[PDB]
Every structure is written in C-alpha cells, then in structure tokens.
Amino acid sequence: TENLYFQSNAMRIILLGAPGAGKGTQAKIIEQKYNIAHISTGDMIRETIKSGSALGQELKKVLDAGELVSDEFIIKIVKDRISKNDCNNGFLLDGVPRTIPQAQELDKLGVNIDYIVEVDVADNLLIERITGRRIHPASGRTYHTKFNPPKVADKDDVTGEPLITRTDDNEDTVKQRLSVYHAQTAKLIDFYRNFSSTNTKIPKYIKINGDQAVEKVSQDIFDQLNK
C-alpha cells in the first residue's frame, strides 16, 4: 500500500533551434515540468572528459590529437548518458543529432524519439541577438547593445574599460553559421519526415513560434506534447 509510484510513459525529445532562438531556456522549462534529463552536447562532452571513464579517456585522446569527434562516437556517448538513472522518465536531446549519420546511429543504437520540437525564430531577430553582444574581457561582464546596454557605449559600467565583440559574434560569421544551421536542420527534418525504420519509432515533428513571451512559447510547446 506504499507501492504508489507509477512510471509514466517515456517523454523523449530532440530539441532544435538556431543560435539566439532561446531553446536553452525552453529546455530547462521542459525538464523541470516533465521531470526528464536535459542532455546538451557541450555539457555531456565536458562531463565525459572529467569522468576518467574509458569513454572519457578515448575522447580526451581524440581532442588532444586535434581530430574532431566522430558521429558514431558522440552517439556512443549519448547512449551511455541516457542509461543513467536521471533518464528514467525520458530525456531531451539538445545538440544531437546534428547530422544524418548521427540520427542513423541513434536508430541503430535503438534510441527511440517521441518528438522533434523546433523553436523557430526569424533570421533577423536571431542576427540581432548575437551581433549585439558585448563583453568586458577582464571581468567577463556581459552587455547587449539593444537588450542590456552599458551606461556609456562600448565601455564597462564598473571600470570604464572598453568592451569588445567576441570574434564569432561578428555579423558575417553569424549569418554564415546561421545558414549552415538552417541547411543542416532542413536535412534532419526531412530525414525524420521520411523516417522509415524497423529498430525505432517515427518521431512527431513540432514547429514552435519562438517569437512570443517565454511563458507563451512554453505553453505552445506544452499544448503540442499533450496532443
């Protein structure tokens, strides 16, 4: 009569969204409401390197040789990450699959995905969100030329020392990385749109208007998952 924990159906999500779209905020919100693991690649890699595990030893080897992480290998890391107890209820993938071979390896590794949730925000707004970023390098204090401006243009509020724009946040780099995002993503969705497998299920594709209040973006997402 104390056996009253019911394991509900797994909620397993691939989250997609451009640099600047604010998908990281939605991921935390989903994680906290549905009680599933937010798995982001950046975190997963660093934690793996720190672990001292064989997986981590092999990864640290690769990265010290200059070679980039293979698709088969990053998905092997994912499979391990999702074997953990905090993934009992499902998970949210944030950063993988980034390519067709990654998605194929997930299928072959037997990882089922229920939803693909894409937070869509207009290119121009995305552009402005990245390119406006400033930083005071010595302290790391952040500003944004539109969303969080300094008292005096291009100067740190505390010290008066000049701000800089990070190298990657220049307009041309943003637009180029933006383009490869949209192309890499469009191929991923059409892959999943024409998904045909005997090892895993066909995920439901969901496209969210991310140009609304945060609480509204969240509800639109919630409404879709429940449908």
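Residue indices: 1-based, along the sequence shown.
So 51 to 59 or 36 to 44, which one's hotter by mean CA B-factor in the entry? Between 36 to 44 and 51 to 59, it is 51 to 59 that shows the higher mean C-alpha B-factor.
Do the C-alpha atoms of 162 to 170 or of 66 to 74 have the higher average B factor in the entry? So the stretch with the higher mean C-alpha B-factor is 66 to 74.
For the listed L92, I135, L125, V111, which has the peak Cα B-factor recorded in the PDB entry? The C-alpha B-factor peaks, among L92, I135, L125, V111, at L125.
By the recorded C-alpha temperature factor, relative to the other modelled residues in its chain, which third is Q7 in? For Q7, the deposited C-alpha B-factor lands in the lowest third.
Where does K155 sit by CA temperature factor within its chain: lowest, middle or highest third? Lowest third.
When the deposited Cα B-factors of this chain's modelled residues are ordered and cut into thirds, is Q212 in the lowest, the middle or the highest one? Highest third, going by the recorded CA B-factors of the chain.
By its CA B factor, does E105 count among the lowest, middle or highest third of the modelled residues in the chain? For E105, the deposited C-alpha B-factor lands in the highest third.
Cα B factor band for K79 (lowest, middle or highest third within the chain): For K79, whose C-alpha B-factor we compare with every modelled residue in the chain, the answer is the middle third.
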